[PDB]
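Just the one chain here, laid out as structure tokens, in the form deposited in one PDB entry.
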């Protein structure tokens, strides 16, 4: 009885589908760049985020249409795992074929049925070598006439059909970066072209005799006509930023990413197997993966989960492990009578950033409906607030305690902690990146709401990234004047909380003489509604060719 193969054939055409439109979507971004539609560029991720669930939220449904006889026991919930697996030996996109299965089970079963043979949480039996690259995935450009002519190839064999602005002036520029340290090093520009936002990214590795290093060649336009490749990145420091966790991922038309995640593995050395599925847009395998990498850490170190650094939230419950890169954000119950019927506003702000353009000042997350936590890895201190600030939200499960719809984002260093830790030349850029963080947030349609110091984070290189997502609304959702009543915003009212430190508030003037002032916030909301939103540069406004 093909009862549990009709299924496995069904949940695996869900994927084959989910990925079906994935790459048509991804493959509209070349034209949509010639074409002038950036309403379209900002709304396409928003279609990419949806397909995966758009395709499980049918196989999930059409499953139940005949899932009545022996509908469930794990007896046969397992022949689905076998039947499904046995069907993926030259399935090169198998890692994500498996990954589609997971979120389904977990949807039919409250993200909650048993582990490890009750799901694909690890890759099965390929597994390890990703040399799943039948085609080259990039071409090998070697210097014969070198660096005035060969790099002419790149710009000429681009499928991009538009009068360039000065290729020949770009050629003179590019060598200026190259001479920092040539021609005994080949070139390997990649295919296809990496797209995000108002930009196009020419990706490549400049292999040099000393060593091999990244080589990024981003393409731009004079909005809305004439285009100029701009700025020449080749640095590990730069590769990591562009590809950062505070900026939205990529439109790379990749029907094999597990291999592509292998090519860039040497463009972005520090990056994780799950940071590399994020970028290409396969964020739903980052999640199986992050967790895959996560559950290695604590199942291999010392000691337990603690409460995160900084200030305790009015809403969220935040924990982490002192060695680990990531934070877990659990929501409180408020009290016993208060009933979690849902919409949630909070889950809406966390989602309504799941699709938004973050631009470097906002960081992404993961969602699990029921996460099983080690009762033995739990401090007894973390537990006490955890137990009774989220009681309705969890359940003791014998040796384990179960928690529902938890959020995970890159651990950071709370700003207000660090603001204290620094002063001097350092203290300069901790305010600048702050206001800049609040200038760019605004332009993205993001007005921070509670804009206090500790709701943002920082990086090793030193940068601010917001992470407080209830007091968030669209810029067209607030009205701006404090002259002398719900939701309205008073821009100078902000002069109280933020200039409070008489070491840092003075220095606010030095860089942000107008964020205090109301006029300037109609400016940004108002210029968002003319159809215009300035997109982001993946570098310092100081590197640009323009200055």
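Rigid core: the largest C-alpha set superposing within 1.5 Å between the two forms. Residue numbers count along the first chain shown, from 1.
There is also a form deposited in another entry; it is not shown, and the following applies to it.
Colleague: In a superposition on the rigid core, which residue from 342, 156, 421, 426 has a CA displacement reaching 2 Å or more between this form and the one not shown?
Modeller: If I go through the list carefully, the shifting residue is 342.
Colleague: After superposing the rigid core, is the C-alpha displacement of residue 47 2 Å or more between this form and the one not shown?
Modeller: Moves: no, less than 2 Å.
Colleague: Does residue 504 count as moved between this form and the one not shown, where moved means a C-alpha shift of 2 angstroms or more after fitting the rigid core?
Modeller: After core superposition, the C-alpha of residue 504 moves less than 2 Å between this form and the one not shown.
Colleague: After a rigid core superposition, would you say the CA of residue 62 moves by 2 angstroms or more between this form and the one not shown, or not?
Modeller: Yes, residue 62 moves 2 Å or more.
Colleague: I want to verify one pair: residue 340 and residue 473. Are their C-alpha atoms nearer or more distant in that other deposited form compared with the form I supplied, knowing the change is 3 Å or more?
Modeller: It is closer: in that other deposited form, the C-alpha atoms of residue 340 and residue 473 lie at least 3 Å nearer than they do here.
Colleague: Compared with this form, is the residue 336-residue 391 Cα separation smaller or larger in that other deposited form, the difference being 3 Å or more?
Modeller: They are farther apart; the C-alpha distance rises by 3 Å or more in that other deposited form.
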